[PDB]
Each structure stands twice: as C-alpha cells, then as structure tokens.
$ cat run33.cif   # mmCIF, C-alpha atoms
data_start
loop_
_atom_site.label_atom_id
_atom_site.label_comp_id
_atom_site.auth_asym_id
_atom_site.auth_seq_id
_atom_site.Cartn_x
_atom_site.Cartn_y
_atom_site.Cartn_z
CA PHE A 181 0.00 0.00 0.00
CA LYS A 182 1.07 3.65 -0.69
CA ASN A 183 3.74 2.28 -3.10
CA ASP A 184 4.29 1.21 -6.73
CA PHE A 185 5.48 -2.22 -7.94
CA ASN A 186 8.74 -0.87 -9.50
CA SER A 187 9.50 0.77 -6.15
CA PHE A 188 8.61 -2.43 -4.24
CA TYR A 189 10.83 -4.44 -6.65
CA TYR A 190 13.72 -1.99 -6.15
CA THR A 191 13.35 -2.07 -2.34
CA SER A 192 13.20 -5.90 -2.62
CA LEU A 193 16.51 -6.00 -4.60
CA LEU A 194 18.10 -3.36 -2.29
CA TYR A 195 17.30 -5.60 0.70
CA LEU A 196 19.61 -8.28 -0.82
CA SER A 197 22.28 -5.56 -1.25
CA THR A 198 22.05 -4.45 2.42
CA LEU A 199 22.12 -8.03 3.84
CA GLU A 200 25.38 -9.76 4.81
CA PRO A 201 26.32 -13.00 2.88
CA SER A 202 25.11 -14.81 6.07
CA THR A 203 21.56 -14.03 4.85
CA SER A 204 18.56 -14.30 7.21
CA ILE A 205 16.64 -15.28 4.01
CA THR A 206 16.29 -19.01 3.21
CA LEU A 207 15.70 -21.02 0.01
CA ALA A 208 11.94 -20.96 0.76
CA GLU A 209 11.93 -17.19 1.37
CA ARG A 210 14.07 -16.77 -1.81
CA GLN A 211 11.36 -18.65 -3.79
CA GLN A 212 8.76 -16.14 -2.49
CA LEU A 213 11.12 -13.17 -3.15
CA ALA A 214 11.80 -14.42 -6.73
CA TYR A 215 8.02 -14.74 -7.25
CA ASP A 216 7.25 -11.29 -5.74
CA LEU A 217 10.02 -9.56 -7.77
CA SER A 218 8.60 -11.15 -10.93
CA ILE A 219 4.93 -10.24 -10.25
CA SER A 220 6.18 -6.71 -9.45
CA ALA A 221 8.08 -6.59 -12.79
CA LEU A 222 5.00 -7.95 -14.67
CA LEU A 223 3.14 -4.88 -13.24
CA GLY A 224 6.19 -2.55 -13.19
CA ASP A 225 5.91 1.14 -14.14
CA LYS A 226 9.70 1.16 -14.79
CA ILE A 227 10.88 -2.40 -15.56
CA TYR A 228 11.65 -2.65 -19.27
CA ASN A 229 14.85 -4.77 -19.27
CA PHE A 230 13.54 -7.97 -17.50
CA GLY A 231 16.61 -9.96 -18.79
CA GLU A 232 18.66 -9.24 -15.64
CA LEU A 233 15.76 -10.42 -13.40
CA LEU A 234 15.30 -13.54 -15.58
CA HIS A 235 18.95 -14.57 -14.80
CA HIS A 236 19.40 -13.10 -11.26
CA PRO A 237 20.74 -15.90 -8.93
CA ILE A 238 17.64 -15.35 -6.70
CA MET A 239 15.66 -17.16 -9.47
CA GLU A 240 17.78 -20.37 -9.21
CA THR A 241 15.56 -21.29 -6.26
CA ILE A 242 12.41 -21.57 -8.47
CA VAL A 243 13.75 -22.74 -11.85
CA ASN A 244 15.63 -25.70 -10.26
CA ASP A 245 12.39 -26.71 -8.42
CA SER A 246 9.78 -25.75 -11.10
CA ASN A 247 8.24 -23.91 -8.10
CA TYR A 248 6.91 -20.96 -10.08
CA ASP A 249 7.77 -22.25 -13.58
CA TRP A 250 4.55 -20.70 -14.98
CA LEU A 251 5.44 -17.22 -13.63
CA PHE A 252 9.05 -17.64 -14.80
CA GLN A 253 8.05 -18.69 -18.33
CA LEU A 254 5.53 -15.78 -18.46
CA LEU A 255 8.25 -13.25 -17.57
CA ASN A 256 10.56 -15.02 -20.07
CA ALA A 257 7.90 -14.65 -22.81
CA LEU A 258 7.64 -10.93 -21.95
CA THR A 259 11.46 -10.64 -21.97
CA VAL A 260 11.52 -11.80 -25.65
CA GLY A 261 8.05 -10.52 -26.75
CA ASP A 262 7.02 -14.10 -27.70
CA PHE A 263 3.31 -13.50 -28.19
CA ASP A 264 2.54 -17.18 -28.81
CA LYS A 265 4.24 -18.38 -25.58
CA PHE A 266 2.80 -15.39 -23.70
CA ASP A 267 -0.74 -16.12 -25.07
CA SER A 268 -0.54 -19.87 -24.27
CA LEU A 269 0.28 -19.08 -20.60
CA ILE A 270 -2.09 -16.06 -20.38
CA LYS A 271 -4.89 -18.42 -21.57
CA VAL A 272 -4.56 -20.35 -18.25
CA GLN A 273 -2.70 -18.26 -15.64
CA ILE A 274 -4.82 -15.11 -15.96
CA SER A 275 -8.04 -17.11 -15.46
CA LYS A 276 -6.68 -18.93 -12.36
CA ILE A 277 -5.17 -15.84 -10.62
CA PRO A 278 -7.34 -12.86 -9.46
CA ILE A 279 -4.55 -10.22 -9.39
CA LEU A 280 -3.50 -11.10 -12.95
CA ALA A 281 -7.16 -11.11 -14.10
CA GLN A 282 -7.58 -7.55 -12.71
CA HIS A 283 -4.38 -6.63 -14.65
CA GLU A 284 -5.10 -8.70 -17.81
CA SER A 285 -4.90 -5.63 -20.03
CA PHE A 286 -1.74 -4.43 -18.19
CA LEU A 287 0.00 -7.79 -18.93
CA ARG A 288 -1.00 -7.65 -22.63
CA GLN A 289 0.07 -3.99 -22.86
CA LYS A 290 3.45 -4.49 -21.09
CA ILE A 291 4.52 -7.10 -23.64
CA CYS A 292 3.46 -4.61 -26.38
CA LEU A 293 5.22 -1.58 -24.90
CA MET A 294 8.35 -3.71 -24.39
CA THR A 295 8.30 -5.41 -27.85
CA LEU A 296 8.14 -2.05 -29.63
CA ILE A 297 10.82 -0.47 -27.43
CA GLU A 298 13.19 -3.43 -28.02
CA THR A 299 12.52 -3.24 -31.79
CA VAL A 300 13.25 0.53 -31.82
CA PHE A 301 16.44 -0.04 -29.75
CA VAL A 302 18.09 -3.15 -31.29
CA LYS A 303 17.07 -2.41 -34.93
CA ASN A 304 17.88 1.34 -34.26
CA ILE A 305 14.62 2.41 -35.96
CA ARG A 306 13.65 6.08 -35.40
CA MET A 307 10.47 6.35 -37.53
CA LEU A 308 7.69 3.69 -37.57
CA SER A 309 4.13 3.33 -38.89
CA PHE A 310 1.00 2.16 -37.04
CA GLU A 311 0.93 -0.92 -39.34
CA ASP A 312 4.34 -2.23 -38.18
CA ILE A 313 3.55 -1.37 -34.55
CA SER A 314 0.13 -3.14 -34.87
CA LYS A 315 1.94 -6.27 -36.18
CA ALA A 316 4.23 -6.02 -33.10
CA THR A 317 1.37 -5.54 -30.52
CA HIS A 318 -1.75 -7.18 -32.07
CA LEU A 319 -3.73 -3.95 -31.48
CA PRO A 320 -5.64 -2.52 -34.50
CA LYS A 321 -4.08 0.57 -36.16
CA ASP A 322 -7.10 2.57 -34.88
CA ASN A 323 -6.13 1.94 -31.20
CA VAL A 324 -2.35 1.33 -31.28
CA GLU A 325 -1.62 5.11 -30.90
CA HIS A 326 -2.79 5.01 -27.25
CA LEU A 327 -0.41 2.13 -26.38
CA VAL A 328 2.65 3.92 -27.78
CA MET A 329 1.54 7.26 -26.25
CA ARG A 330 1.50 5.46 -22.87
CA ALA A 331 5.17 4.42 -23.36
CA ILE A 332 6.03 8.16 -23.42
CA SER A 333 3.86 8.66 -20.28
CA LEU A 334 6.01 5.91 -18.65
CA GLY A 335 9.10 8.05 -19.59
CA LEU A 336 10.88 5.14 -21.37
CA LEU A 337 11.72 7.07 -24.54
CA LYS A 338 11.68 10.53 -26.12
CA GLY A 339 9.41 10.53 -29.18
CA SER A 340 6.29 12.01 -30.79
CA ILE A 341 3.31 10.21 -32.32
CA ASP A 342 2.26 11.50 -35.79
CA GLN A 343 -1.23 9.94 -35.72
CA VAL A 344 -2.58 12.19 -38.52
CA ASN A 345 -0.06 10.33 -40.78
CA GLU A 346 -0.49 6.96 -38.91
CA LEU A 347 3.21 7.34 -37.91
CA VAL A 348 5.65 7.72 -34.98
CA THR A 349 9.10 9.34 -34.63
CA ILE A 350 11.41 8.30 -31.74
CA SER A 351 14.60 10.28 -30.89
CA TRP A 352 15.93 8.48 -27.74
CA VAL A 353 15.07 5.24 -25.88
CA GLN A 354 16.24 3.46 -22.69
CA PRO A 355 18.63 0.53 -23.53
CA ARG A 356 17.12 -2.98 -23.51
#

$ encode --input "run33.cif" --output "structure tokens"
Amino acid sequence: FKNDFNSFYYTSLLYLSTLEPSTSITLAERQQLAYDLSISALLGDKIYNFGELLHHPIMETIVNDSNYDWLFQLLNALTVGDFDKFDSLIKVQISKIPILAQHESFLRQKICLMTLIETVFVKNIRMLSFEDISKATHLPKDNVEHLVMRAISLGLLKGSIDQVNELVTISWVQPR
C-alpha cells in the first residue's frame, strides 16, 4: 500500500544488497522473493529490461524446483516478446489468478510496450508506422496510438506520435 510495484521491486533488490552473505533469508523465502520480484516486474511502471531479473541468482531457487515455472516462463515470454508463448500461458494463468485477471490488459500492454521499445532499440529504428507497430502488438491501427503514447507517459523514450499520418518518430530510448 502507498507504493508502486517498480519501487517495491527496487526495495526488494536493495534488501539483498544491504544483507550480509550470512543471509537471514532461506531457500523458501528466496522462492517467495523471486516470485514477488517477478509479479512486481509484470506490473512494473519502470521495468523494461527484465533480462537481468530472468537470470538473477535469486531465481535459481524456483527454476531448479519448477516452483513458479509458470510465472518464470511468463516473464521469459515478456522478456523476448514471444506472443505465442505469452498467449498460451495467459490463456490459463490469468483465469486462475485474481490479481492477474484484474491486470489482464496491463500484462497484454506491457509485452506490447516492451516489444516495440526493443525493436526501436536493437534495430535502431527512429520512424515507424502504425501498421508495423500493430503487427508487433496485435492492437488494430485505430487503437495502437494510445499504447505507444503510454510508453512516453512511462518516460521510457523521447518521441512524438504523428497519428494524422499513422506514424511515430522516436529520438531516444532506454537501452534494452
């Protein structure tokens, strides 16, 4: 309460940083911390990388036990923008989990935000069209403007939508 998930995630990582190697945390508490970090990233105002989380040694505690394999594979599918893997898990894990069901549209938007931002970064594209973005997000061209506008609200990039032309121009973006 009176927090954001990116902030909770950061405090959660910082707690590992402040602890001595003789950690009070256990394997069981690490499984819960790995889970909580990941749910926080899945709902994160500021997580865009995800790749560091997906390989942080904290996660060894769940992947080696298949403890939260569904959550891990969901955050993996976001990390690579793999809509088919994401959709196959979303088709089950949203329905079974009330927090994720409340955030169903946040999950499906975060993959879309991230897929575009990665594309713009790695392919070094600086002008795009609503068509290409719609292929990369599965939103219709008539709605995709609002998704990419929200990325600028999140402060991830410096760009301008050119919706009258069905276009976008980016000029800076956070590294993937």

$ resolve_selection --input "run33.cif" --expression "the PyMOL selection byres ((chain A and resi 182-184) around 10)" --output "list in words"
residues 181, 185, 186, 187, 188, 189, 190, 220, 223, 224, 225 and 226 of chain A

$ closest_residue --input "run33.cif" --among "A:293, A:193, A:251, A:347" --to "residue A:236" --atoms "all atoms listed in the file"
A:193

$ closest_residue --input "run33.cif" --among "A:300, A:294, A:199, A:207" --to "residue A:245" --atoms "only C-alpha atoms"
A:207

$ resolve_selection --input "run33.cif" --expression "the PyMOL selection byres ((chain A and resi 344) around 12)" --output "PyMOL selection string"
chain A and resi 309-310+321-322+325+340-343+345-348

$ write_last_selection --input "run33.cif" --atoms "C-alpha atoms" --output "PDB file, in the coordinates of the input"
ATOM      1  CA  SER A 309       4.130   3.330 -38.890  1.00  0.00           C
ATOM      2  CA  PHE A 310       1.000   2.160 -37.040  1.00  0.00           C
ATOM      3  CA  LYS A 321      -4.080   0.570 -36.160  1.00  0.00           C
ATOM      4  CA  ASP A 322      -7.100   2.570 -34.880  1.00  0.00           C
ATOM      5  CA  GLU A 325      -1.620   5.110 -30.900  1.00  0.00           C
ATOM      6  CA  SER A 340       6.290  12.010 -30.790  1.00  0.00           C
ATOM      7  CA  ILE A 341       3.310  10.210 -32.320  1.00  0.00           C
ATOM      8  CA  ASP A 342       2.260  11.500 -35.790  1.00  0.00           C
ATOM      9  CA  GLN A 343      -1.230   9.940 -35.720  1.00  0.00           C
ATOM     10  CA  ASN A 345      -0.060  10.330 -40.780  1.00  0.00           C
ATOM     11  CA  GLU A 346      -0.490   6.960 -38.910  1.00  0.00           C
ATOM     12  CA  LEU A 347       3.210   7.340 -37.910  1.00  0.00           C
ATOM     13  CA  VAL A 348       5.650   7.720 -34.980  1.00  0.00           C
TER      14      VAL A 348
END

$ closest_residue --input "run33.cif" --among "A:292, A:274, A:254, A:214" --to "residue A:328" --atoms "only C-alpha atoms"
A:292

$ atom_distance --input "run33.cif" --atom1 "atom CA of residue A:244" --atom2 "atom CA of residue A:273"
20.5 Å

$ atom_distance --input "run33.cif" --atom1 "atom CA of residue A:233" --atom2 "atom CA of residue A:221"
8.6 Å

$ resolve_selection --input "run33.cif" --expression "the PyMOL selection byres ((chain A and resi 266) around 10)" --output "PyMOL selection string"
chain A and resi 253-258+260-265+267-271+287-288+291

$ residues_around --input "run33.cif" --residues "residue A:208" --least-positions-apart "2" --cutoff "12 Å" --atoms "all atoms listed in the file" --output "PyMOL selection string"
chain A and resi 204-206+210-215+238-242+245+247-248

$ closest_residue --input "run33.cif" --among "A:196, A:307, A:350, A:332" --to "residue A:209" --atoms "all atoms listed in the file"
A:196

$ atom_distance --input "run33.cif" --atom1 "atom CA of residue A:203" --atom2 "atom CA of residue A:231"
24.5 Å

$ closest_residue --input "run33.cif" --among "A:198, A:295, A:304, A:333" --to "residue A:316" --atoms "all atoms listed in the file"
A:295

$ closest_residue --input "run33.cif" --among "A:289, A:218, A:354, A:349" --to "residue A:306" --atoms "all atoms listed in the file"
A:349

$ axis_aligned_box --input "run33.cif" --around "stretch 194-198 of chain A" --padding-each-side "4 Å" --output "JSON"
{"center_x": 19.8, "center_y": -5.8, "center_z": 0.1, "size_x": 13.0, "size_y": 12.9, "size_z": 12.7}

$ decode --input "run33.cif" --residues "stretch 195-237 of chain A" --atoms "C-alpha atoms" --output "PDB file, in the first residue's frame"
ATOM      1  CA  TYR A 195      17.305  -5.605   0.705  1.00  0.00           C
ATOM      2  CA  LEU A 196      19.614  -8.283  -0.817  1.00  0.00           C
ATOM      3  CA  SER A 197      22.276  -5.561  -1.246  1.00  0.00           C
ATOM      4  CA  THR A 198      22.050  -4.445   2.425  1.00  0.00           C
ATOM      5  CA  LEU A 199      22.122  -8.029   3.835  1.00  0.00           C
ATOM      6  CA  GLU A 200      25.382  -9.763   4.809  1.00  0.00           C
ATOM      7  CA  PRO A 201      26.317 -13.004   2.884  1.00  0.00           C
ATOM      8  CA  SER A 202      25.113 -14.811   6.073  1.00  0.00           C
ATOM      9  CA  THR A 203      21.556 -14.027   4.852  1.00  0.00           C
ATOM     10  CA  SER A 204      18.557 -14.302   7.213  1.00  0.00           C
ATOM     11  CA  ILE A 205      16.643 -15.276   4.007  1.00  0.00           C
ATOM     12  CA  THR A 206      16.290 -19.009   3.215  1.00  0.00           C
ATOM     13  CA  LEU A 207      15.699 -21.020   0.006  1.00  0.00           C
ATOM     14  CA  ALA A 208      11.936 -20.962   0.765  1.00  0.00           C
ATOM     15  CA  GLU A 209      11.930 -17.187   1.369  1.00  0.00           C
ATOM     16  CA  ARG A 210      14.066 -16.771  -1.809  1.00  0.00           C
ATOM     17  CA  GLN A 211      11.355 -18.649  -3.786  1.00  0.00           C
ATOM     18  CA  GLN A 212       8.759 -16.145  -2.488  1.00  0.00           C
ATOM     19  CA  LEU A 213      11.121 -13.174  -3.154  1.00  0.00           C
ATOM     20  CA  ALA A 214      11.796 -14.425  -6.735  1.00  0.00           C
ATOM     21  CA  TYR A 215       8.020 -14.736  -7.246  1.00  0.00           C
ATOM     22  CA  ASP A 216       7.255 -11.288  -5.743  1.00  0.00           C
ATOM     23  CA  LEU A 217      10.023  -9.557  -7.772  1.00  0.00           C
ATOM     24  CA  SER A 218       8.604 -11.152 -10.934  1.00  0.00           C
ATOM     25  CA  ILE A 219       4.934 -10.243 -10.250  1.00  0.00           C
ATOM     26  CA  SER A 220       6.185  -6.710  -9.448  1.00  0.00           C
ATOM     27  CA  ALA A 221       8.084  -6.590 -12.791  1.00  0.00           C
ATOM     28  CA  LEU A 222       4.999  -7.952 -14.665  1.00  0.00           C
ATOM     29  CA  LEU A 223       3.135  -4.880 -13.243  1.00  0.00           C
ATOM     30  CA  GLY A 224       6.188  -2.550 -13.188  1.00  0.00           C
ATOM     31  CA  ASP A 225       5.911   1.145 -14.140  1.00  0.00           C
ATOM     32  CA  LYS A 226       9.702   1.164 -14.786  1.00  0.00           C
ATOM     33  CA  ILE A 227      10.878  -2.404 -15.556  1.00  0.00           C
ATOM     34  CA  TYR A 228      11.650  -2.651 -19.272  1.00  0.00           C
ATOM     35  CA  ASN A 229      14.855  -4.773 -19.270  1.00  0.00           C
ATOM     36  CA  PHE A 230      13.540  -7.967 -17.499  1.00  0.00           C
ATOM     37  CA  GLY A 231      16.606  -9.955 -18.793  1.00  0.00           C
ATOM     38  CA  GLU A 232      18.662  -9.238 -15.639  1.00  0.00           C
ATOM     39  CA  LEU A 233      15.757 -10.417 -13.403  1.00  0.00           C
ATOM     40  CA  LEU A 234      15.296 -13.539 -15.583  1.00  0.00           C
ATOM     41  CA  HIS A 235      18.945 -14.566 -14.797  1.00  0.00           C
ATOM     42  CA  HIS A 236      19.396 -13.103 -11.260  1.00  0.00           C
ATOM     43  CA  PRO A 237      20.739 -15.895  -8.926  1.00  0.00           C
TER      44      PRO A 237
END
